[PDB]
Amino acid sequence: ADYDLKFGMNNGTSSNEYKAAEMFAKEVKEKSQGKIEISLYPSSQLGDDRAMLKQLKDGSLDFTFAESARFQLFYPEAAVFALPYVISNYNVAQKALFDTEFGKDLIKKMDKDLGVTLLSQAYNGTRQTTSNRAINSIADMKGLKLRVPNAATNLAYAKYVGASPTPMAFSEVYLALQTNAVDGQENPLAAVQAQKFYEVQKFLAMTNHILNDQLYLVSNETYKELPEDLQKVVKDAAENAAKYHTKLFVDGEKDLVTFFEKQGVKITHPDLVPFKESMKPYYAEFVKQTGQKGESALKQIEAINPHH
């Protein structure tokens, strides 16, 4: 094609993210009259999200996904998006990114500093905790060998609830669980399904601890080369795909508990009051480390009403 573009993904081929990326690619090919073709590179074949964000920066990869919270790697205050239990729901995630001074500034910095244009935002689910033994209460977290991604907010979730975290890339998790090198992991329901973690985890606890969005990102080096009509094709396709993407997650949060029960998983509902209480010293540490910018981002987010 005139523009042979590439979309790198950490997710695998059986995921919502992949389905939405397929929709995006098909729409772009059609509405560009075949001038743009977007090939898909899932399963972290190009590296993880941190790696793929670097590839968009240097222009060697055209599209990828990232969470708003992942930008805490560059702007520590952006950890606010994944401080456990701070963002209430997707409604708050959307307004936090687009409708706060903090979020509007973050989007500008991603462009100026990091070489990426934000095309759209989707919902990527609320993280829950799977394990090889029941989590009936916060006590069951104590000493649980909990795999986390290489992200400070997930490490802190594990630490503060009393678990023993082991960081590793998404691709390594299934084997870690299978072999009982670790006892559990935490991810939205849809990822537990996509990765078949349910094959290797007998229990699922509704910890409801971190809310993931998902950003459709394009390399500035690629977006600038597209004539403006093709920029619009890409943007409009990203927005259409993000709505579809969110709906896949919303619907699965209704449908997946019955799916996991049919696969033999036992679902628990621990009292979340002590989970939330346990984060109070973490929020204090966040404010100490990130200073007024962090206090301000928290204030801006805590002001958002979660009811549509």
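Throughout, we count residues from 1 along the sequence that is shown.
Taking the PDB entry as given, 135 to 143 carries the higher mean Cα B factor of the two stretches 135 to 143 and 148 to 156. Between 160 to 168 and 213 to 221, the higher mean Cα B-factor belongs to 160 to 168. Of the candidates 239, 277, 62, 49, the one whose C-alpha carries the top B factor in the deposited record is 277. Ranked by Cα temperature factor within the chain, residue 260 sits in the middle third according to the deposited record. Among all modelled residues in its chain, residue 298 ranks in the highest third by Cα B-factor.
Split the chain's modelled residues into thirds by C-alpha temperature factor. Residue 245 is in the lowest one. Residue-level temperature factors show residue 121 in the lowest third of its chain, judged at the C-alpha atom.
Annotation for residue 112: C-alpha temperature factor in the highest third relative to the rest of the modelled chain, per the entry.
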